[PDB]
Structures are given as structure tokens and as C-alpha cells.
Ligand SMILES: *[C@@H]1O[C@H](CO)[C@@H](O)[C@H](O)[C@H]1NC(C)=O
């Protein structure tokens, strides 16, 4: 069967540049190729079909070329709302197979995070579970480090991180670190701190709160 | 003008059965090529089945003999019956109109099919206490399965709302935090209520967040 | 031995037809040497269903129908009894009780063109599958959305015929294949097609 390989696996380019996504088939599939654009939390949208012909309603910056094994999808000018996953899909062979997908990222300017820390609610604390939430809001690049201090305690692996997808409006990320404790293992410490290290910060930002207030 | 609205997704035990329905508007499914295409969570798209304009049905090798694509012509509706579901069939399914099983110009919104032996559990919602600007939100914890839809003030506030993707805990249940940044002018004067909605457990939580 | 059947005017024809408008020639009132086809090295596919291949020189039929067209390489398997596909449903359907021989050979050196040969078409859209041995050359617009599509092409109104692009650099399975389907059908009229004595 045709094994449909996309390169590169991820692509990060500043806006206004030309992006070239390469797709390669294990066999020769002629011009029987389509390209799809899938936003996060949104169905895929057909961009081009027959490896060159644009779908109506697709803007003119998308184009395609190639034949047989090698194909290219070209975005002539990357803009803010093109943060999506792009799939090449053959339909010459009898089983329709999609590609692995290429995630396209936009290089905006470096933005320092806005950092908040949220204590556990008291209605949560009577269910035996405590959750402290450290929120990093509108930062770029994606690489940030969140270290938890519990009156300077060497915390290791007790937290879970969730990162939103890159926004189509301003190309910034948001991160949430959740630290989970037992209720009798919550109140043995007084002051909690979340320390964040990021490229856009000259010093690591520490946000702390007290249990007693 | 063309819309494809799906239903029937939910939690199902392994070896169970599930009947996905795709209603269509703007075209007749009795004279069009229709496909079901699934996407594993975190992985790429995979074509499942196709029904032709004349009624010929084809299936992928991993789903042949288990699934059954059909349509019911007098109501513009496409069905996918699934029997003996295994563990790797947990996926988001899309119904898609095709140009002769070549390319899919119109896609359905997609519905999630979860195959596990776990039970459906209603979420627990906890407020996040806020401290220019300030962030406030609510944490949805210990639910199964996806999705939980969080709106703010009956959907009237969509600016600055970050709904984080759910993470799998070591206990097997999911949790997501929904936050929103509000300036301090309306912080003490406006009440914010996050509508937590869970379709599988039928859970509606209108938990107000207050300073 | 006199008046051999004109298989040279069918197999060695200069221009073949497309599969939506497949040609039919009524081979009758002649004697047919089938073993000059079975011993020909050119034919890639030679499948006889209702009849053994070497027994064709002995059985006598009242007429043969030769249906000639051009399809893709991967679509050859659909020219068989009981198969299903685009060609089987909407272009050329064989019956389940089909007696005859399907012969297919690669014609990449004839029907392919460097700029693409768009002279060969196949029907893509139809409301229902064809009956066996049914010809449908209608090129009317396909009403796919049941809007008031009053003949004019556009959205949800597709042209039913798609063109096979044929180029010499294509892979096997996209190259053109000439297919001749011989259907030996035996009505209770006196038989006139036999083998050599
Ligand atoms: C076509 O012509 C070649 C050479 O002229 C011949 O060998 C072959 O038998 C012919 N095909 C027929 C008669 O079907």
C-alpha cells in the first residue's frame, strides 16, 4: 500500500515568509493528491486537489506542485491564522491513505508570560484533594520551565502541565501547571511558590501565596 | 449552505456496538459519495469507509467485517454501525462528502468514540480564586470521557478565554482548567459564571467565580 | 477453410473507445481461430470464465460480441463477474452468469501522450448501478444536491465523465490497458461461429 511521508514533521517560520511543505509517496501516484488544513478543534478543510487546482474559497497564497512521488505545497506569505496541521492525501491507489501531518508554527516576537498562582478552593479541600494551579498567559516561545517550591522543597514529577495550541490572533501560548496534594499532606506547609524560567524573563518569576490568608 | 451534523458518539465497552449518524443539509446523501474518516487522538487521519452514489460500500482492512456503512435515503442521513469494537477504535469520526472517493471538500464536525471498560463519571468543578488585570477560572477535575465544554456567562464572553486541553492523570480520569483574564474595572462589579457542560454524564455546572 | 472472423479489426484497431462508450462488434457468420489469441504473447490478462480456453476451437456459438474499451491498469480486476468498482457499477457491468473471455493488454506505447491523453473518459457519477451489458452515453449534468439545477454546471452539479490522464512516465496501474471482452452467447438460432476443422 502507499506509505505517505511528510517533511518536515514541524515547521516554524516568521510571518511573511514562504513555506514549502514536501510530501512523498512510496509509489508513483501521478497527480492524484489533495491537501487538507486542520485547525485545532476543527474539521479539516480542503485546500487543493489534483495536486495543483485550488478549492474555491481558498486564498491565492496556497499553491501546489509536483507529480509522481514528490509533491510540494507552497504558502507564499504566512499569516497569523495559518497555524494548523497540513495533510497530504493520495487517492490514486485503491485504499485512500493520509500523510503523517505537518504542524506549522509562526515565529512572533518574544513575549514574557503573565504569571498567576491559584490556591486550592476550600470546597475542594473537603474532598481530600488539593490542587494548586500556576498559569502562564500569553508567552512565546513554547519552551518554558515551571519549578514548584514548597518552602524550598525539591519537587519532582508531582505536577502535570497542559499547553494550549498557538493562538491565531497573536501567536502566543498559554501553559497551566497543576500540582496535586493530599489534604493532610497539603496543610503541613505554609507558603507555596511557583517559579517560572523563560527566554523573555531576565530573572525567574516567583509567585507565592500563604495558606493562612 | 452545506452542513453535516453528527450524533451517536459516546463511551462504549470493548466488544460493544455503536451507531453513528450524520445528517446532511445542502445535498442529498442518496446521490453523493460519502466517507467516514477517523482520527486517533494525537495521531493522523485514517480513512475508514466509503459508500458510492450507486450504493457500493468499501471498508479499510482494519475495519472490514466489523463496521457497516449505510444510508437512509428518505431523510438525508448517513449511518455507520460499529460492532465488536476493539481498543484502537477510540477516535474522532468525520462524515465527509467526496468527489467520487477522491477528495473530501465538505466535512462533518466530528464525534468522539471512546472504547474502554471504565465507567462514565460526572466532573467536579472548583473555582480558582483571583487575586490592571486579573485572571479567574474554573478547574474541571476527575471526569470521563472527553469532552467537557466550558463556556463563560452563557457564551457571551469569548475573548481572553483559554480552555486548556485535558490531561490524563495517573488515576485514569481527566482534568482541564479554563481561565479568563478580566481587567480590574469590571472585576468587582461583574459576576462571572462558567457553564461546565458534560454530554456523556449529562452534567451541567453553573459555578460562579467570585473574588 | 475460408472466411476467418475479423479479429484483426478488433484487437489491432487503431483507435479504441472509452469505457463509458465501449464499442460492440457482432462477430458472426464466420469461423474463428481462438488459439491464435491464446498463443499470442502480447496479452497480459486472459481470463475465460464460463468456458475452458483450449476448448474454444471446438464449441460452436451462434454469435460473439466483442466489447472493446480502454481502462486503467488497476481497474482491470473489476472487469470480471461479480466485481464492484467505478467501472463495474457505472461504466461496464458483466453478469454473474457470464460466459466468455476477458482479454486485456498494456497499451502504454499507443494511448499515452507526453502532455497527457485526455481522449479517454469514464463515468464517475450515476444515480444507480448499470444492469449487465448496458450502455450509457448520456452526458447530462449530475444533480447531486437536488437544488433546482436547471442544466447549468456549477456547485453540486458535476460533469459525470472524468478523463483518464495517460502519460508514458506513469507507473503500472495508471498506464492504459486495452480490454476486449468476448461474450459467446448461444441463442437457439442456427450457429454460424465455429473453430477451424
Ligand atoms: C495484430 O498484428 C500482429 C502483426 O501484424 C499479429 O501478430 C497479431 O496476431 C494481430 N492481432 C490480431 C490478429 O488479433
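In order, the residues displayed for chain C correspond to 332-528 in Swiss-Prot numbering, which applies throughout.
Header lists the method as electron microscopy, 3.0 Å.
Including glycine, each Cβ sits where the backbone N, Cα and C put it.
Its Cβ placed at the centre, residue C:361 (disulfide bond) has 16 other Cβ atoms within 10 Å. The feature disulfide bond is assigned by Swiss-Prot to C:336-C:361 (among others), with experimental evidence given as support.
Residues or ranges marked as disulfide bond in Swiss-Prot (evidence: experimental evidence): C:379-C:432 (among others). Under a cutoff of 8 A between CB atoms, and with a sequence separation of 6+ in the same chain, the neighbours of residue C:432 (disulfide bond) are C:377, C:378, C:379, C:380, C:382, C:384, C:387, C:512, C:513.
Counted within 10 Å of its Cβ, the other Cβ atoms near residue C:525 (disulfide bond) come to 14, all protein chains included. Positions annotated as disulfide bond by Swiss-Prot, on the basis of experimental evidence: C:391-C:525 (among others).
Sequence-distant contacts of residue C:488 (disulfide bond), defined as residues of its own chain at least six apart whose C-beta falls under 8 angstroms from its C-beta, comprise C:472, C:473, C:474, C:475, C:476, C:480. Residues or ranges marked as disulfide bond by Swiss-Prot: C:480-C:488 (among others).
The N-linked glycosylation site feature in Swiss-Prot is assigned to C:343; the stated evidence is experimental evidence. Its Cβ taken as reference, residue C:343 (N-linked glycosylation site) is surrounded by 8 other Cβ atoms within 10 Å in the chains shown. Under DSSP, residue C:343 (N-linked glycosylation site) is assigned to coil, being neither helix nor strand in the three-state scheme.
Residues or ranges marked as region 'Immunodominant HLA epitope recognized by the CD8+' in Swiss-Prot: C:448-456. For the region 'Immunodominant HLA epitope recognized by the CD8+' (C:448-456), the residues of the chain that approach it from at least six positions outside its boundaries are 349-352, 401-402, 417-418, 421-422, 442, 467, 473, 475, 489, 491-498, 507, judged by C-beta separation under 8 angstroms.
Taken from Swiss-Prot, the feature region 'Disordered' covers C:455-490.
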Distance [Cα-Cα, Å, rounded] between residue C:525 (disulfide bond) and residue C:336 (disulfide bond): 10
Rounded Cα separation (Å) that holds between residue C:391 (disulfide bond) and residue C:343 (N-linked glycosylation site): 24
Residue distribution over DSSP helix, strand and coil in the region 'Immunodominant HLA epitope recognized by the CD8+' (C:448-456): 0 helix, 3 strand, 6 coil
Rounded inter-Cα distance in Å - residue C:361 (disulfide bond), residue C:343 (N-linked glycosylation site): 18
Listed recorded positions with Cβ under 6 Å from ligand 1, out of C:343, C:379, C:480: C:343
Surrounding CB atoms that lie within 10 Å of the CB of residue C:480 (disulfide bond), all protein chains: 17
Proximal but sequence-remote residues of the same chain as residue C:336 (disulfide bond) (Cβ under 8 Å, at least 6 apart): C:358, C:361, C:362, C:363, C:364, C:395, C:524
Winner by Cβ contact number (other Cβ atoms within 10 Å) across the disulfide-bonded residues C:379, C:391: C:379
